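>
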Amino acid sequence: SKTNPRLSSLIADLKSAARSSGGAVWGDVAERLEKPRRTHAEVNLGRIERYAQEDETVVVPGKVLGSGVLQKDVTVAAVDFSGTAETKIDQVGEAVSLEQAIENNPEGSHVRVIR
Amino acid sequence: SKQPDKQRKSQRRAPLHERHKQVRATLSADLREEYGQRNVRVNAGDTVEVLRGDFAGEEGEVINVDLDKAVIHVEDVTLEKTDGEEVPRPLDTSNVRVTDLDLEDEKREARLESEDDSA
Amino acid sequence: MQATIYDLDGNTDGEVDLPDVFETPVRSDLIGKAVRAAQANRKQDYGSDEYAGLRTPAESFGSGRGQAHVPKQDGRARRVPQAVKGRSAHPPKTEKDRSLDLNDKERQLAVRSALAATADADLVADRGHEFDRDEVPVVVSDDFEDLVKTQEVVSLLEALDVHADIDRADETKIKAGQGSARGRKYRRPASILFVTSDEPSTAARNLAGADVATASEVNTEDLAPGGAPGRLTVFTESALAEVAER
Amino acid sequence: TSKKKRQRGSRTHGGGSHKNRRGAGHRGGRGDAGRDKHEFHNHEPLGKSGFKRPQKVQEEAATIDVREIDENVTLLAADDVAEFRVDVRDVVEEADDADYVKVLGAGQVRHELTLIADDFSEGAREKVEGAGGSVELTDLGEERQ
RNA sequence: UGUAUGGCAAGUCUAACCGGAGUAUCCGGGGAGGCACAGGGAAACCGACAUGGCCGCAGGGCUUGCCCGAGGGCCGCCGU
RNA sequence: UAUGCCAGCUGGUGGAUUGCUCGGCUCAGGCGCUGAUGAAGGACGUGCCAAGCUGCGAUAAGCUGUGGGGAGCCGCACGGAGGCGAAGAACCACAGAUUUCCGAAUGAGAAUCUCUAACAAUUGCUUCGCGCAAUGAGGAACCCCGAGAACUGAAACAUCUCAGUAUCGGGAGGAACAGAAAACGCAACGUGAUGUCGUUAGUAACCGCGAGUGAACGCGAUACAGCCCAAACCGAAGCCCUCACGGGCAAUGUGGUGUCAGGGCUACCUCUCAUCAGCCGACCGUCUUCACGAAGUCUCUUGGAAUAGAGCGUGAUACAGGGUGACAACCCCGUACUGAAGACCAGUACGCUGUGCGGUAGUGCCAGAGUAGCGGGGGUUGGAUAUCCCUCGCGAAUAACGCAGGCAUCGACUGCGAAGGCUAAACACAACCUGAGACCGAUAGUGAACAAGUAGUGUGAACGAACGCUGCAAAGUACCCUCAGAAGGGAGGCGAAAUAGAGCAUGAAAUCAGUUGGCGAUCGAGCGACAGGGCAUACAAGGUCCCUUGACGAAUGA
Ligand SMILES: [Cl-]
Ligand SMILES: [Cl-]
Ligand SMILES: [Cl-]
Ligand SMILES: [Mg+2]
Ligand SMILES: [Mg+2]
Ligand SMILES: [Mg+2]
Ligand SMILES: [Mg+2]
Ligand SMILES: [Mg+2]
Ligand SMILES: [Mg+2]
Ligand SMILES: [Mg+2]
Ligand SMILES: [Mg+2]
Ligand SMILES: [Mg+2]
Ligand SMILES: [Mg+2]
Ligand SMILES: [Mg+2]
Ligand SMILES: [Mg+2]
Ligand code: NA
Ligand code: NA
Ligand code: NA
Ligand code: NA
Ligand code: NA
Ligand code: NA
Ligand code: NA
Ligand code: NA
Ligand code: NA
Ligand code: NA
Ligand code: NA
Ligand code: NA
Ligand code: NA
Ligand code: NA
Ligand code: NA
Ligand code: NA
Ligand code: NA
Ligand code: NA
Ligand SMILES: [Sr+2]
Ligand SMILES: [Sr+2]
Ligand SMILES: [Sr+2]
Ligand SMILES: [Sr+2]
Ligand SMILES: [Sr+2]
Ligand SMILES: [Sr+2]
Ligand SMILES: [Sr+2]
Ligand SMILES: [Sr+2]
Ligand SMILES: [Sr+2]
Ligand SMILES: [Sr+2]
Ligand SMILES: [Sr+2]
Ligand SMILES: [Sr+2]
Ligand SMILES: [Sr+2]
Ligand SMILES: [Sr+2]
Ligand SMILES: [Sr+2]
Ligand SMILES: [Sr+2]
């Protein structure tokens with residue numbers, strides 16, 4: 001039972017997007033967020049640098065932390081970002097909120113899920 | 001203390017000299033203007049007007065002032081016993097108003113007029 | 001954003017930028033947590049006497065007389081929980097920790113969210129406060145801290161169409177239950193919170209339901225009494241600015 | 001509603017037979033009783049193993065992997081920018102209560118660093134030098150011999 | 001020792017205690033110290049994969065079976 | 001239909017329930033010793049009438065003074081009689097008077113009395129005389145020094161554990177104890193009296209190496225404070241009693257010096273603001289108590305009563321709490337603000353008086369013995385070879401010496417001088433004062449809201465209850481009838497209410513009397529569930545139900 005009101009909203013919006021528009025990842029991300037927090041993603045930068053690729057939005061079904069280096073000019077979208085994480089990402093690319101992602105890309109196209 | 005039990009306790013157990021404040025009644029308009037007080041310890045000489053009981057509206061002379069029970073006897077404010085006798089109906093001074101004072105005591109008159117103290 | 005400053009007559013007197021903290025997203029769950037903690041933290045330890053019901057050499061006769069093996073003293077049962085005048089089995093205990101911990105960050109985040117809830121007119125009205133106004137919180141010139149008469153603060157709140165909240169709070173409820181016997185007979189709505197900088201408003205403090213506070217220490221409770229976000233507040237210009245770095 | 005809250009009316013509160021939840025018998029003894037008889041299962045075996053040296057004769061090195069230093073070169077602008090030069094003793098946290106600072110060689114080194122520490126691993130040297138770097142042993146660190 | 005929820009995150013939390021104050025609440029300070037950030041070995045002592053290969057779920061892509069495939073799975077390789 | 005069954009009704013019985021809280025329980029702050037000048041405790045007295053409680057002590061619910069207070073009063077406890085108070089009583093604060101007997105109990109003896117001047121007993125001083133003094137006993141626990149179990153855990157049990165716990169003996173204080181290194185040993189170019197708090201750490205260490213037991217250094221804090229002798233060198237330069245005279249002590253050493261920044265002595269430099277002794281002596285703060293202290297008791301309706309509803313008005317540096325015939329900022333006490341006193345902080349801080357800090361050179365002058373240390377036997381500890389202590393035995397050096405740094409010996413190194421002494425503050429408890437509460441609310445909470453350690457039980461040690469509520473006001477029921485009648489009853493009176501009439505708010509169940517409905521002296525027993533009939537039913541809070549016929553019409557189906 002998610003107690004955070006905003007996490008609750010995000011999930012309702014992720015769903016609406018997966019249902020209304022063509023998005024099939026949003027509903028997928030929604031399902032992971034509905035699961036226990038321990039199962040949520042805690043991803044460091046070193047892992048985005050290794051697997052992400054330019055012009056393909058990185059979707060993290062959890063939170064991004066600041067360990068390691070990120071050189072790629074990628075748009076990372078996560079539920080939340082650590083202070084250092086967001087600062088490091090914006091230096092080379094762009095850290096975006098999952099709620100922004102949904103508004104801009106409701107069809108959830110050209111997106112790589114990372115955990 | 002803010003605790004009800006202690007409050008009621010200090011009132012029901014106050015020593016004689018402290019019980020005077022339990023027999024205080026509000027002064028009339030003129031009396032409030034004249035002595036610069038809102039109330040005063042009702043004396044057995046004072047005249048008073050009942051403002052609350054079944055005797056509300058009545059005027060009378062204070063006949064007795066019991067400190068032990070913190071209650072007073074006013075002239076004509078009575079009850080008829082079964083044998084026909086007429087006995088006083090004790091009144092709480094907070095349900096009464098002083099309309100006239102007994103200033104035969106130089107000490108009370110002095111206290112009433114002084115700005116530093118109050119009677 | 002911007003906040004219209006008002007002089008002691010209720011007329012506009014310029015305006016300042018409403019600090020960023022008031023943009024902080026409302027987090028009623030975190031707020032309620034901070035409120036729950038602060039309320040628990042002032043609760044006093046209690047518990048029955050360690051030895052109540054144990055002060056007796058009562059013994060059980062055992063089998064033989066057609067009676068249950070219950071400890072008795074002078075033909076009267078004692079000690080055991082099922083016995084009248086017996087010890088309480090699992091009573092309130094003094095040793096118990098009745099305090100709740102809270103991470104400073106988590107609590108500081110709640111203060112900010114509570115602060116922010118103040119800036120939302122719909123929330124404030126939802127919380128229950130009665131007022132006729134669009135902007136909120138109510139910003140006033142620092143010359144408010146110099147007022148003395150309570151009545152003077154009244155005329156000002158009437159000039160701001162915000163006094164109705166005090167008429168909401170001008171009613172004491174005589175509670176149900178025995179708290180009455182413990183000195184908690186009455187209670188009343190929580191109305192306006194006045195936040196200043198140097199010292200709490202001695203002039204406003206006695207207003208029905210009003211709570212006064214200073215910007216350096218205004219907590220989650222006065223900001224969101226009972227854990228409910230959005231209290232109708234009035235900040236003094238300097239306070240408004242000082243509250244920014246909380 | 002919790003589990004505890006639902007126990008009223010259950011009589012046994014989940015303990016099975018009312019003959020179960022009595023004294024320590026239901027536990028096979030108090031504490032670790034029977035750790036080598038009826039309850040030997042999942043218990044480190046009985047016995048003594050090894051020895052301990054006196055604590056004041058024990059040294060405690062403060063270690064750090066090159067990966068850590070290297071990933072934070074640009075961030076550590078507060079430290080020498082030679083033809089990058091870094092005195093590890095200034096990087097490692099808790100480097101005073103430690104007997105010395107040793108650099109371990111885990112990870113990569115995408116830069117040319119000049120490291121100063123009391124000790125380095127064979128892999129720490131290889132990696133730093135192999136990236137056009139040099140390794141400097143501190144005066145204290147001059148114990149290797 | 002689990003779990004659910006919440007904060008922060010290569011970090012995290014302060015303890016005693018200090019200041020303030022609306023004075024047991026509360027605001028500020030306090031990182032001593034704990035746990036995590038490397039392991040192996042009785043000890044001396046030594047000290048590791050910011051990814052090299054193959055499968056492949058979800059998801060994405062395409063010209064609609066073919067690509068990319070985090071997690072996961074099987075190996076390599078590394079420290080002792 | 002009798003005996004009777006079930007449910008209800010009126011009235012009891014009972015005292016649950018609801019509401020109420022003069023009592024508890026717990027937390028916090030403050031404060032904190034008493035006694036031979038006879039305590040604490042107990043006994044017996046003491047009132048106009050007085051049994052209990054409280055007070056007091058033959059001056060007996062009190063006497064005196066000063067201040068406060070004030071028109072009343074004569075305790076709990078509302079009677080009767082009577083008295084006291086403006087000669088300022090009551091009442092409160094401070095100080096004083098009195099203060100029986102037993103009691104450490106002290107002239108001697110004794111179940112609270114008695115017999116014929118008494119510090120009994122033990123001590124110090126001493127005019128050697130009880131002449132001057134001390135001790136004794138108490139206190140809620142806290143504190144210090146001694147003696148020291150077992151149940152229990154180990155699933156038995158011996159070591160171990162419970163535990164240095166329970167309990168016992170001795171003793172101090174308002175706090176105790178500890179304390180200015182023969183320390184530490186993050187081994188250092190480092191720390192620097194002692195407690196305590198956090199941590200170090202369930203780490204090191206112990207252990208049928210089982211179960212279990214369990215530190216320290218350091219660190220962060222709190223509070224901070226450092227000194228005095230013995231001896232060397234001086235050698236009566238001294239101390240105590242007394243108003244003085246005079247006496248006592250003291251060469252077996254009073255007194256000066258001095259105390260590891262070693263000191264003494266000799267020779268110089270310089271100087272003291274250290275120390276030690278002593279005078280003065282708080283601010284602030286905290287706890288408690290007290291003075292002062294704003295604004296409605298206006299209209300209408302209801303009511304027995306307005307603090308209620310409706311209307312109108314006010315204060316607020318005061319909307320904490322209590323009282324008052326129902327819900328009160330504005331009726332009364334209080335509350336905010338300001339101010340005053342006492343106590344604690346504290347004979348402290350500061351200030352002051354006096355004294356003299358310190359340095360060089362020389363000098364083997366001085367520096368604590370059954371000690372340091374070793375062995376035998378025990379206890380204790382985490383202390384392991386390496387804790388601490390007891391007991392028996394043995395037993396050293398002299399600063400050019402000695403001890404410590406977790407096995408011994410020797411060398412090096414670093415640290416530090418034992419076998420003499422004192423020492424503020426920060427910490428423990430809760431008797432006592434005050435405050436507080438998501439604690440209990442009369443079978444609860446204390447055993448104890450009440451006569452509570454009461455009644456009562458036991459030879460004794462010891463054990464030990466239960467009992468709270470009339471009403472706004474006693475208006476607590478006059479008169480009359482009846483009766484053996486201050487009984488009870490009837491009638492009557494009071495009050496909103498007597499089914500509020502005295503263990504008197506409310507008044508449940510079990511259960512009782514009378515009574516209503518259903519059943520009932522030919523009939524069978526888990527007392528009922530579900531169906532369907534009889535009989536029974538004021539309103540309200542449920543409004544449906546029956547029959548012809550017609551419509552629809554699952555499985556089934558003439
Ligand atoms: Cl990661
Ligand atoms: Cl070891
Ligand atoms: Cl040290
Ligand atoms: Mg006057
Ligand atoms: Mg009990
Ligand atoms: Mg209730
Ligand atoms: Mg005698
Ligand atoms: Mg056993
Ligand atoms: Mg065994
Ligand atoms: Mg032990
Ligand atoms: Mg040590
Ligand atoms: Mg001397
Ligand atoms: Mg032992
Ligand atoms: Mg009781
Ligand atoms: Mg009754
Ligand atoms: Na008892
Ligand atoms: Na506690
Ligand atoms: Na059981
Ligand atoms: Na730290
Ligand atoms: Na019969
Ligand atoms: Na005291
Ligand atoms: Na004596
Ligand atoms: Na009597
Ligand atoms: Na006396
Ligand atoms: Na003598
Ligand atoms: Na056993
Ligand atoms: Na046995
Ligand atoms: Na053992
Ligand atoms: Na250190
Ligand atoms: Na009144
Ligand atoms: Na020995
Ligand atoms: Na040492
Ligand atoms: Na009772
Ligand atoms: Sr009285
Ligand atoms: Sr009385
Ligand atoms: Sr038997
Ligand atoms: Sr179970
Ligand atoms: Sr048992
Ligand atoms: Sr075995
Ligand atoms: Sr540290
Ligand atoms: Sr923190
Ligand atoms: Sr993999
Ligand atoms: Sr010190
Ligand atoms: Sr010595
Ligand atoms: Sr009872
Ligand atoms: Sr007997
Ligand atoms: Sr009658
Ligand atoms: Sr049969
Ligand atoms: Sr058909």
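If you read the protein sequences in the order shown, they are chains O, T, C and L. Every letter in the first sequence is one number past the one before it in the authors' numbering, and letter 91, counting from 1, is 91. Every letter in the second sequence is one number past the one before it in the authors' numbering, and letter 84, counting from 1, is 84. Every letter in the third sequence is one number past the one before it in the authors' numbering, and letter 11, counting from 1, is 11. Quick note, the fourth sequence lines up with residues 1 to 83, 89 to 150 if you use the authors' numbering. No residue lacks a Cβ here, since even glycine has one placed at the ideal position from N, Cα and C.
1. Suppose the cutoff is 8 Å on Cβ atoms and the five residues either side in sequence are ignored; what does the same chain contact list for residue 60 (chain C) look like?
2. Of all residues in the structure, which have a C-beta closer than 6 Å to any heavy atom of ligand 1, taken in chain order?
3. Taking the alpha helix (DSSP H) that residue 132 (chain L) belongs to, which residues open and close that run?
4. Report all residues from its chain with a CB closer than 8 Å to the CB of residue 94 (chain L); omit the five preceding and five following residues, and keep chain order.
5. For residue 109 (chain O), count neighbouring C-beta atoms within 10 Å of its own C-beta (all shown protein chains included) and say buried if the count is 16 or more, exposed if not.
6. Listed from N- to C-terminal order along the chain, which residues in the region 172 to 196 of chain C have their beta-carbon within a distance smaller than 9 Å of any beta-carbon of chain T?
7. On the DSSP letters alone, give me the boundaries of the beta strand (DSSP E) that residue 139 (chain L) sits inside.
8. Below 7 Å CB to CB, which residues in the same chain sit around residue 21 (chain L) once its five sequence neighbours on both sides are set aside?
9. Does at least one heavy atom of ligand 35 sit under 7 Å from the Cβ of residue 68 (chain T)?
10. So, helix, strand or coil for residue 41 (chain C), using DSSP?
11. Which residue comes first and which comes last in the alpha helix (DSSP H) that contains residue 192 (chain C)?
12. List the whole-angstrom C-beta distance separating residue 40 (chain T) from residue 27 (chain T), where the pair is believed to meet the contact cut-off of C-beta under 8 Å.
13. Just reading off the alpha helix (DSSP H) that residue 105 (chain L) is part of, what are its end residues?
14. Please list the terminal residues of the continuous beta strand (DSSP E) segment that includes residue 14 (chain C).
15. Suppose the cutoff is 6 Å on Cβ atoms and the five residues either side in sequence are ignored; what does the same chain contact list for residue 103 (chain T) look like?
16. Reducing DSSP to helix, strand and coil, say where residue 65 (chain T) ends up.
17. Whose C-alpha, out of C:168, C:167, C:166, C:184, is nearest the C-alpha of residue 174 (chain C)?
18. For residue 6 (chain C), count neighbouring Cβ atoms within 10 angstroms of its own Cβ and tell me buried if that reaches 16, exposed if not.
19. Where does residue 191 (chain C) land, buried or exposed, given buried means 16+ other C-beta within 10 angstroms?
20. What do you reckon, is the C-beta of residue 53 (chain C) under 7 Å from a heavy atom of ligand 5?
21. With a floor of 3 residues, list each beta strand (DSSP E) that falls wholly inside the region 83 to 147 of chain C, ordered by position along the chain.
22. Just the Cα atoms here: how many angstroms apart are residue 71 (chain L) and residue 104 (chain L)?
23. By how many angstroms is the C-alpha of residue 63 (chain C) removed from the C-alpha of residue 82 (chain C)?
24. Measure the beta-carbon distance from residue 59 (chain T) to residue 99 (chain T) and round it to whole angstroms, keeping in mind my assumption that it falls under 8 Å.
25. Can you give me the C-alpha to C-alpha distance between residue 13 (chain O) and residue 129 (chain C), rounded to a whole angstrom?
26. Please state if the CB of residue 27 (chain C) and the CB of residue 53 (chain C) are separated by a distance shorter than 8 Å.
27. At a CB-CB cut-off below 7 Å, which residues of chain C make contact with residue 2 (chain T)?
28. Since residue 167 (chain C) is in the alpha helix (DSSP H), which residue starts that stretch and which ends it?
In short:
1. 69, 70, 71, 72
2. O:43, O:44, O:47
3. 127 to 134
4. 100, 106, 121, 122, 123, 143
5. exposed
6. 180, 181, 182, 183, 185
7. 139 to 142
8. 15
9. yes
10. helix
11. Note, residue 192 (chain C): premise wrong, no alpha helix (DSSP H); not H, not E.
12. 6 Å
13. Element bounds for residue 105 (chain L): not the alpha helix (DSSP H) but the beta strand (DSSP E), 105 to 109.
14. 12 to 17
15. 109
16. strand
17. C:184
18. buried
19. buried
20. yes
21. 138 to 140
22. 25 Å
23. 19 Å
24. 7 Å
25. 31 Å
26. no
27. 183
28. 164 to 168
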